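Quick note: the sequence shown uses our numbering, first residue 5, plus one each step.
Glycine included, C-beta positions come from ideal geometry on N, C-alpha and C.
Encoded as structure tokens, the structure appears first; notes follow it.
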Amino acid sequence: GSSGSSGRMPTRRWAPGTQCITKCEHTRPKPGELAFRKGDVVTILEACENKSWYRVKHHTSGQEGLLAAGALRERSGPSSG
Numbered sequence: 005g006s007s008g009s010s011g012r013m014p015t016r017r018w019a020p021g022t023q024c025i026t027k028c029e030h031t032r033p034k035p036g037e038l039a040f041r042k043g044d045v046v047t048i049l050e051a052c053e054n055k056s057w058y059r060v061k062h063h064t065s066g067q068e069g070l071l072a073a074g075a076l077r078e079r080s081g082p083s084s085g
């Protein structure tokens, strides 16, 4: 493996290993996509690379599919200290 490490770079998007939550529930994803429910925890497997699409891993399920970059949020609800 080899990564591009020159010096320092800014950050904006989520990185691999960050827990993202779904904005809505998806029972029937596109043809070749993963399914999930509303408020599902997933781990960023890799960085987006399909134009507004991220690859996460469903905990409960355990599969790996693409997710709408515009359908993910930062796990942070008004519950649990």
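Beta-carbon proximity of residue i to residue j, cut-off 9 angstroms
i	j	result
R79	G69	no
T64	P20	no
Opposing strand residues paired with residue i [DSSP bridges]
i	result
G69	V60
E78	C24
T47	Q23, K61
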